[PDB]
file protein-v7.cif (mmCIF, C-alpha atoms (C1' of nucleotides))
data_work
#
loop_
_atom_site.group_PDB
_atom_site.id
_atom_site.type_symbol
_atom_site.label_atom_id
_atom_site.label_comp_id
_atom_site.auth_asym_id
_atom_site.auth_seq_id
_atom_site.Cartn_x
_atom_site.Cartn_y
_atom_site.Cartn_z
ATOM 1 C CA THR A 264 141.302 80.846 81.812
ATOM 2 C CA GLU A 265 141.992 83.533 79.213
ATOM 3 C CA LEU A 266 145.497 82.030 78.918
ATOM 4 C CA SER A 267 144.223 78.496 78.201
ATOM 5 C CA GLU A 268 143.397 79.601 74.649
ATOM 6 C CA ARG A 269 146.151 80.846 72.343
ATOM 7 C CA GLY A 270 146.441 84.086 74.319
ATOM 8 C CA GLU A 271 150.108 83.836 75.262
ATOM 9 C CA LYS A 272 153.019 81.437 75.466
ATOM 10 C CA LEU A 273 153.731 80.116 78.943
ATOM 11 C CA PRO A 274 156.925 81.179 80.741
ATOM 12 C CA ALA A 275 158.105 78.601 83.248
ATOM 13 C CA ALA A 276 158.568 80.729 86.383
ATOM 14 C CA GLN A 277 155.492 82.872 85.687
ATOM 15 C CA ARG A 278 153.436 79.732 85.037
ATOM 16 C CA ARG A 279 154.557 77.946 88.198
ATOM 17 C CA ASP A 280 154.162 80.869 90.580
ATOM 18 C CA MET A 281 150.774 81.848 89.137
ATOM 19 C CA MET A 282 149.851 78.203 89.736
ATOM 20 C CA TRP A 283 151.095 78.664 93.304
ATOM 21 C CA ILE A 284 148.903 81.738 93.827
ATOM 22 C CA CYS A 285 145.903 79.999 92.221
ATOM 23 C CA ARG A 286 146.345 77.013 94.530
ATOM 24 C CA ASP A 287 146.967 79.253 97.558
ATOM 25 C CA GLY A 288 143.625 81.008 97.114
ATOM 26 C CA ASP A 289 141.679 77.779 97.575
ATOM 27 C CA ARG A 290 143.593 76.934 100.751
ATOM 28 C CA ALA A 291 142.772 80.397 102.097
ATOM 29 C CA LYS A 292 139.103 79.837 101.210
ATOM 30 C CA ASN A 293 139.055 76.488 103.016
ATOM 31 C CA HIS A 294 140.813 78.146 105.963
ATOM 32 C CA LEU A 295 138.067 80.763 106.251
ATOM 33 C CA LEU A 296 135.332 78.113 106.062
ATOM 34 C CA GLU A 297 137.053 75.961 108.693
ATOM 35 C CA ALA A 298 137.326 79.058 110.860
ATOM 36 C CA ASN A 299 133.652 80.003 110.818
ATOM 37 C CA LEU A 300 132.175 76.487 111.140
ATOM 38 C CA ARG A 301 131.814 77.214 114.866
ATOM 39 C CA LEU A 302 129.736 80.313 114.112
ATOM 40 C CA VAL A 303 127.533 78.087 111.944
ATOM 41 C CA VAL A 304 126.987 75.721 114.882
ATOM 42 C CA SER A 305 126.294 78.607 117.270
ATOM 43 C CA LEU A 306 123.638 79.925 114.901
ATOM 44 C CA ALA A 307 122.027 76.557 114.161
ATOM 45 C CA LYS A 308 121.835 75.574 117.854
ATOM 46 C CA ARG A 309 118.489 77.344 118.402
ATOM 47 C CA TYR A 310 116.430 76.341 115.353
ATOM 48 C CA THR A 311 115.940 72.801 116.678
ATOM 49 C CA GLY A 312 112.791 71.328 118.183
ATOM 50 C CA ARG A 313 110.738 71.099 114.989
ATOM 51 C CA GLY A 314 111.025 68.783 112.016
ATOM 52 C CA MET A 315 114.643 68.537 110.954
ATOM 53 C CA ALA A 316 117.636 66.962 112.629
ATOM 54 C CA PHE A 317 120.336 69.047 114.277
ATOM 55 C CA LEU A 318 123.058 67.775 111.949
ATOM 56 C CA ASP A 319 120.872 68.615 108.947
ATOM 57 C CA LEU A 320 120.466 72.155 110.287
ATOM 58 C CA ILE A 321 124.236 72.377 110.777
ATOM 59 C CA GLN A 322 124.882 71.157 107.231
ATOM 60 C CA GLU A 323 122.500 73.627 105.618
ATOM 61 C CA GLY A 324 124.118 76.361 107.687
ATOM 62 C CA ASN A 325 127.473 75.208 106.310
ATOM 63 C CA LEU A 326 126.140 75.555 102.776
ATOM 64 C CA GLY A 327 124.887 79.049 103.567
ATOM 65 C CA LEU A 328 128.336 79.854 104.948
ATOM 66 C CA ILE A 329 129.890 78.749 101.654
ATOM 67 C CA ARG A 330 127.556 81.186 99.902
ATOM 68 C CA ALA A 331 128.499 83.913 102.395
ATOM 69 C CA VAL A 332 132.227 83.489 101.819
ATOM 70 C CA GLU A 333 131.488 83.551 98.091
ATOM 71 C CA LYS A 334 129.670 86.893 98.274
ATOM 72 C CA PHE A 335 131.586 88.459 101.172
ATOM 73 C CA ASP A 336 133.349 91.793 100.740
ATOM 74 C CA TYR A 337 136.009 93.320 102.986
ATOM 75 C CA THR A 338 136.294 96.859 101.581
ATOM 76 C CA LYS A 339 133.182 97.851 103.524
ATOM 77 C CA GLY A 340 135.433 97.370 106.559
ATOM 78 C CA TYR A 341 133.040 95.225 108.575
ATOM 79 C CA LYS A 342 133.510 91.985 110.449
ATOM 80 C CA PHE A 343 132.742 88.748 108.614
ATOM 81 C CA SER A 344 130.271 87.427 111.197
ATOM 82 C CA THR A 345 127.715 90.229 110.837
ATOM 83 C CA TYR A 346 127.580 89.608 107.111
ATOM 84 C CA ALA A 347 127.467 85.817 107.370
ATOM 85 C CA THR A 348 124.724 85.663 110.035
ATOM 86 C CA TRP A 349 122.183 86.797 107.429
ATOM 87 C CA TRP A 350 123.031 84.090 104.904
ATOM 88 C CA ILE A 351 123.227 81.359 107.540
ATOM 89 C "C1'" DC B 1 163.678 18.603 146.040
ATOM 90 C "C1'" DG B 2 161.629 23.231 143.760
ATOM 91 C "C1'" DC B 3 160.011 25.732 139.495
ATOM 92 C "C1'" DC B 4 157.611 27.486 134.781
ATOM 93 C "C1'" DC B 5 153.726 27.435 131.765
ATOM 94 C "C1'" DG B 6 149.949 26.594 129.233
ATOM 95 C "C1'" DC B 7 145.081 24.053 130.239
ATOM 96 C "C1'" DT B 8 141.090 24.231 132.225
ATOM 97 C "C1'" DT B 9 137.388 26.731 135.463
ATOM 98 C "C1'" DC B 10 134.966 30.096 137.248
ATOM 99 C "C1'" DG B 11 134.047 35.630 137.447
ATOM 100 C "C1'" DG B 12 133.409 39.525 135.810
ATOM 101 C "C1'" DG B 13 132.636 42.252 132.311
ATOM 102 C "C1'" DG B 14 130.644 43.399 128.178
ATOM 103 C "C1'" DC B 15 127.128 43.379 125.093
ATOM 104 C "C1'" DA B 16 122.828 42.312 122.658
ATOM 105 C "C1'" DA B 17 117.757 42.406 122.984
ATOM 106 C "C1'" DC B 18 113.136 44.775 125.132
ATOM 107 C "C1'" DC B 19 109.844 48.904 128.195
ATOM 108 C "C1'" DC B 20 108.525 54.545 130.422
ATOM 109 C "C1'" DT B 21 110.951 56.066 136.301
ATOM 110 C "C1'" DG B 22 109.778 58.731 128.705
ATOM 111 C "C1'" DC B 23 106.512 61.463 126.124
ATOM 112 C "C1'" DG B 24 108.527 73.935 123.274
ATOM 113 C "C1'" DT B 25 106.992 79.665 119.395
ATOM 114 C "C1'" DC B 26 111.057 82.032 117.500
ATOM 115 C "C1'" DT B 27 113.718 88.282 112.421
ATOM 116 C "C1'" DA B 28 110.758 89.548 108.028
ATOM 117 C "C1'" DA B 29 110.453 90.623 104.291
ATOM 118 C "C1'" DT B 30 111.446 92.857 99.104
ATOM 119 C "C1'" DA B 31 112.504 92.225 94.083
ATOM 120 C "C1'" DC B 32 111.968 89.803 90.038
ATOM 121 C "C1'" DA B 33 111.401 86.319 86.683
ATOM 122 C "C1'" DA B 34 109.350 82.225 84.957
ATOM 123 C "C1'" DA B 35 105.647 79.115 84.716
ATOM 124 C "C1'" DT B 36 100.992 78.224 84.788
ATOM 125 C "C1'" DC B 37 95.976 78.857 85.178
ATOM 126 C "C1'" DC B 38 91.999 80.857 83.282
ATOM 127 C "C1'" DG B 39 88.610 83.829 80.949
ATOM 128 C "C1'" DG B 40 87.054 85.236 76.948
ATOM 129 C "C1'" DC B 41 86.344 85.662 72.064
ATOM 130 C "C1'" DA B 42 87.535 83.557 67.416
ATOM 131 C "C1'" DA B 43 88.409 80.639 63.552
ATOM 132 C "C1'" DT B 44 86.026 76.651 62.753
ATOM 133 C "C1'" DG B 45 84.509 71.385 60.841
ATOM 134 C "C1'" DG B 46 82.422 67.299 61.651
ATOM 135 C "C1'" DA B 47 78.541 65.332 63.641
ATOM 136 C "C1'" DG B 48 73.928 65.288 64.694
ATOM 137 C "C1'" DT B 49 68.952 66.889 63.249
ATOM 138 C "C1'" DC B 50 64.519 68.127 60.617
ATOM 139 C "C1'" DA B 51 62.076 67.757 56.662
ATOM 140 C "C1'" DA B 52 60.928 66.794 52.183
ATOM 141 C "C1'" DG B 53 60.715 63.478 49.308
ATOM 142 C "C1'" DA B 54 61.353 59.785 46.318
ATOM 143 C "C1'" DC B 55 61.725 54.307 46.352
ATOM 144 C "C1'" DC B 56 58.787 50.181 45.020
ATOM 145 C "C1'" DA B 57 56.198 45.561 47.268
ATOM 146 C "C1'" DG B 58 52.794 43.223 48.707
ATOM 147 C "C1'" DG B 59 48.380 43.220 51.416
ATOM 148 C "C1'" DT B 60 43.907 45.738 50.820
ATOM 149 C "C1'" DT B 61 39.926 47.528 48.427
ATOM 150 C "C1'" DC B 62 37.421 48.209 44.307
ATOM 151 C "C1'" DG B 63 36.186 47.250 38.976
#
call {"tool": "encode", "arguments": {"input": "protein-v7.cif", "output": "structure tokens"}}
result
Amino acid sequence: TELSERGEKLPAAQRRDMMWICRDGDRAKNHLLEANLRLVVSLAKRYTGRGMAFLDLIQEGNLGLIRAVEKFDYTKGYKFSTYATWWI
DNA sequence: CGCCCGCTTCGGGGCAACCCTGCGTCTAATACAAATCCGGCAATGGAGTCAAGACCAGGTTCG
């Protein structure tokens, strides 16, 4: 982003492997989301019985999980599920 | 003389359209910012109001 202005000229190998890292991060993000979808279902399974549909509850839990993997930190050394349960 | 192979015929399955043998309570807040109501003076400025007071015009009374 700070390179897209006239910050620096683009070397070929540096450009292509920084593109590889930038594309790899999104695949890792999607991998984490696709991992914890089951936790989302296991949390949403008990808020039924009033008003909304079960798939709607699951989808809003998915959106909360996207927010949780946005604002998740690992240097506190805790498991992901205890942090994401709150946001879901 | 026997034999394949699609054509027709019925069966069974599959599916589309209607009723009741149908018809649960759930963490719990804080922090903050923006929007909005609203309560109360604080400039009015135009619109209504009272009162005087003048304006003659033609009955009405008097000479």
call {"tool": "closest_atom_pairs", "arguments": {"input": "protein-v7.cif", "of": "chain A", "to": "chain B", "cutoff": "12 Å", "atoms": "all atoms listed in the file", "output": "tab-separated table"}}
result
residue	atom	partner	partner_atom	distance
A:309	CA	B:26	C1'	8.8
A:310	CA	B:26	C1'	8.1
A:311	CA	B:24	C1'	10.0
A:312	CA	B:24	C1'	7.1
A:313	CA	B:24	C1'	9.0
A:348	CA	B:27	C1'	11.6
A:349	CA	B:27	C1'	9.9
call {"tool": "residues_around", "arguments": {"input": "protein-v7.cif", "residues": "residue A:346", "least_positions_apart": "2", "cutoff": "12 Å", "atoms": "all atoms listed in the file", "output": "PyMOL selection string"}}
result
chain A and resi 299+302+327-328+330-337+339-344+348-351
call {"tool": "atom_distance", "arguments": {"input": "protein-v7.cif", "atom1": "atom CA of residue A:319", "atom2": "atom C1' of residue B:28"}}
result
23.3 Å
call {"tool": "atom_distance", "arguments": {"input": "protein-v7.cif", "atom1": "atom CA of residue A:320", "atom2": "atom CA of residue A:289"}}
result
25.4 Å
call {"tool": "atom_distance", "arguments": {"input": "protein-v7.cif", "atom1": "atom CA of residue A:324", "atom2": "atom CA of residue A:301"}}
result
10.6 Å
call {"tool": "build_atoms", "arguments": {"input": "protein-v7.cif", "residues": "stretch 317-334 of chain A", "atoms": "N, CA and C atoms", "output": "compact mmCIF listing (two decimals), keeping the file's coordinate frame"}}
result
# COMPACT_ATOMS: atom_id res chain seq x y z
N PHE A 317 119.37 68.01 113.93
CA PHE A 317 120.34 69.05 114.28
C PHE A 317 121.53 69.04 113.33
N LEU A 318 121.96 67.85 112.91
CA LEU A 318 123.06 67.78 111.95
C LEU A 318 122.64 68.27 110.57
N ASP A 319 121.38 68.07 110.20
CA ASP A 319 120.87 68.61 108.95
C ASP A 319 120.85 70.14 108.98
N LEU A 320 120.43 70.71 110.12
CA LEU A 320 120.47 72.16 110.29
C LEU A 320 121.89 72.69 110.20
N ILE A 321 122.83 71.98 110.82
CA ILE A 321 124.24 72.38 110.78
C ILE A 321 124.77 72.33 109.35
N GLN A 322 124.37 71.31 108.59
CA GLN A 322 124.88 71.16 107.23
C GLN A 322 124.33 72.22 106.29
N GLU A 323 123.05 72.56 106.44
CA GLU A 323 122.50 73.63 105.62
C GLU A 323 123.08 74.98 106.00
N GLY A 324 123.39 75.17 107.29
CA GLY A 324 124.12 76.36 107.69
C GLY A 324 125.51 76.42 107.08
N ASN A 325 126.17 75.26 106.96
CA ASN A 325 127.47 75.21 106.31
C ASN A 325 127.37 75.62 104.85
N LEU A 326 126.31 75.20 104.18
CA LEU A 326 126.14 75.56 102.78
C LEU A 326 125.86 77.05 102.62
N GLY A 327 125.07 77.61 103.54
CA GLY A 327 124.89 79.05 103.57
C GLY A 327 126.17 79.80 103.85
N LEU A 328 127.05 79.23 104.67
CA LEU A 328 128.34 79.85 104.95
C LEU A 328 129.24 79.84 103.73
N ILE A 329 129.15 78.78 102.92
CA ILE A 329 129.89 78.75 101.65
C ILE A 329 129.40 79.85 100.73
N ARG A 330 128.08 80.06 100.68
CA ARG A 330 127.56 81.19 99.90
C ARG A 330 128.00 82.54 100.46
N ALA A 331 128.10 82.65 101.78
CA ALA A 331 128.50 83.91 102.40
C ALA A 331 129.96 84.23 102.12
N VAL A 332 130.83 83.22 102.14
CA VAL A 332 132.23 83.49 101.82
C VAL A 332 132.42 83.65 100.31
N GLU A 333 131.46 83.18 99.50
CA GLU A 333 131.49 83.55 98.09
C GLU A 333 131.19 85.03 97.91
N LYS A 334 130.10 85.52 98.50
CA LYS A 334 129.67 86.89 98.27
C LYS A 334 130.02 87.83 99.43
